[PDB]
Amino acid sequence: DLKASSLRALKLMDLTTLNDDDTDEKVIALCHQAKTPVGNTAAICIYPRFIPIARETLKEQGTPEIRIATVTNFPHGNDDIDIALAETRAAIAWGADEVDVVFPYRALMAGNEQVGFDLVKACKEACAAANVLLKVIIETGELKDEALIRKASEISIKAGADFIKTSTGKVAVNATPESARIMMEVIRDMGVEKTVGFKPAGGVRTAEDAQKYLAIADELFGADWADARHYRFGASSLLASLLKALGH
């Protein structure tokens, strides 16, 4: 059971390092770790300034198709569209393949549904022009309430999110199976399973955890649905756990 799930999960990872003090050496090591004896991860996820060195490293190890994701409006999800859009434009200029933007979840909690639409839509228009995929982090662990998780997911989808993502990994509570079910049910209910992927991020630690998340996807959308365009794990230590489950 865990061998099959761990293979699938490894090739869906956005292998991540997002620390206040990351270095080129740490990003280089991360790129090397993304090329495993059983597969490449789907992507790496790093701060924008590291995109050039990561791209070089990925090319020089012969894995040019590992995608490079980054983050914007991060981790705060503030409601200043000009700043979020400037950061998204800078991430595109740094060379990102994918931008994971934080939704203005505290503004939503205060009753403003419109700013989240306008922020996501502006970032989507910049990314789409550059053929860059946009993921939207709603911060389920701070929204807390099921109705709010559903609403943030719905606004993000309406505004053009290519993925909805649970969490930044920078707050106390990140992905859970409960939150994942709620968000994937929104994808289902809105009829967007073909065009909107799901990404649990933070707190996915073990091969057993990953197997749970994939079981929800398979139940809701069928076993064929999850793939790199539709599913990612935002994770780090998970990779060593998946490799261990696979005998490496």
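Don't overthink the numbering: it's just position in the shown sequence, from 1.
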*Mean C-alpha B factor from the entry: is it higher for 66 to 74 or for 32 to 40?*
32 to 40
*Give the stretch, out of 121 to 129 and 96 to 104, with the larger mean C-alpha temperature factor in the deposited entry.*
121 to 129
*asked:* Quiz for you: based on the deposited Cα B-factor, which of 157, 91, 173, 83 is highest?
replied: 83
_Top residue by Cα temperature factor, when 87, 178, 139, 162 are compared in the entry_ = 178
*Cα B factor band for residue 194 (lowest, middle or highest third within the chain)*: middle
*Should residue 52 be placed in the lowest, middle or highest third of its chain by the C-alpha B factor in the entry?*
middle
*Would the CA B-factor of residue 148 place it in the lowest, middle or highest third of its chain?*
highest
_Cα B factor band for residue 21 (lowest, middle or highest third within the chain)_ = middle
*Among the chain's modelled residues, which third holds the C-alpha B-factor of residue 223?*
highest
